[PDB]
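J.: Got a sequence here, can you build the structure:
(chains A and B)
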Amino acid sequence: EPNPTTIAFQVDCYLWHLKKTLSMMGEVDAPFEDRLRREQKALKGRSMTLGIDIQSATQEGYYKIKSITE
Amino acid sequence: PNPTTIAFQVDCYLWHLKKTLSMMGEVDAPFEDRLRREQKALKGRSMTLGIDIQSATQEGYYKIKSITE
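T.: Residues are numbered from 1 along each chain as shown, chains lettered A, B, ... in the order given. Structure data below:
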């Protein structure tokens, strides 16, 4: 019985860190990095609702993505 | 290269990840709402780019693993 709403937040947080990383690396286009600015305001708003640290959650998301793949 | 294509590859493979989690029943309904809405977006971009989703997925996989940790 793990918690879907928390996993979702963690995964969204990590995926954002992954997507952002590629933008850091100049490998993506402007709309991609625009969805990135907005997704960021989104997670903050969600971070504040759930009361869950984003740095903390990125870690867990990273873990979850790794388990279903690699 | 090029940035629009990479971005499409990443989006598609990331979508495949999100759906996998959706199927595992490990994410909630809004995440699944985002997933279903995104799907119709990606089909738009695919017929705009001339890039089939399956193949952009395959590509997306290798691209992300190379930055994974």
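J.: and residue A:38, how many neighbours?
T.: Residue A:38 has 9 neighbouring residues, counting by other CB atoms under 10 Å in any protein chain shown. No exception for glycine: its C-beta is placed from N, CA and C like everyone else's.
J.: who in chain A is up against chain B?
T.: Where chain A comes near chain B, counting by CB under 8 Å from any CB of the partner chain, the residues are A:2, A:4-5, A:7-8, A:11-12, A:15, A:18-19, A:21-22, A:25-29, A:31-32, A:62, A:64-66, A:68-70.
J.: let's see 7 Å
T.: Proximity of chain A to chain B (CB under 7 Å from any CB of the partner chain) is limited to residues A:2, A:4-5, A:7-8, A:11, A:15, A:18-19, A:21-22, A:27-29, A:32, A:65, A:68, A:70.
J.: For the residues you listed, which PyMOL command selects only the ones that are buried?
T.: To isolate the buried subset of the residues of chain A next to chain B in PyMOL, counting by 16 or more other CB atoms under 10 Å in any protein chain shown, use the following:
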select buried, chain A and resi 4+7+8+11+15+18+19+22+27+28+32+65
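J.: Just the residues of chain A next to chain B: which are in strands?
T.: Taking DSSP state E, every one of these sits outside strands.
J.: Among the residues of chain A next to chain B, name the ones in helices.
T.: Of the residues of chain A next to chain B, the ones assigned to helices by DSSP state H are A:4-5, A:7-8, A:11, A:15, A:18-19, A:21-22, A:32, A:65.
J.: Report the spatially closest residue to the residue most central in space within chain A, excluding sequence-adjacent ones.
T.: Against the mean C-alpha coordinate of chain A, by CA atoms, centre = their mean, the closest residue is residue A:13 at 1.8 Å. For residue A:13, ignoring the flanking residues on the chain, the nearest one in space by CB to CB, 6 or more residues apart in numbering or on different chains is residue A:57 at 4.2 Å.
J.: Just give me the neighbour total for the one you found.
T.: Counted with other CB under 10 Å, residue A:57 comes out at 24.
J.: what do you get for residue A:60?
T.: 17.
J.: my guess is it meets residue A:10, correct?
T.: Yes: here residue A:60 reaches residue A:10: they are 3.9 Å apart, a contact under CB atoms under 7 Å.
J.: circling back to that earlier point, against chain B, how distant is the residue nearest to residue A:13?
T.: Computed as CB to the nearest CB, to the nearest Å, the residue A:57 to chain B distance reads 13 Å.
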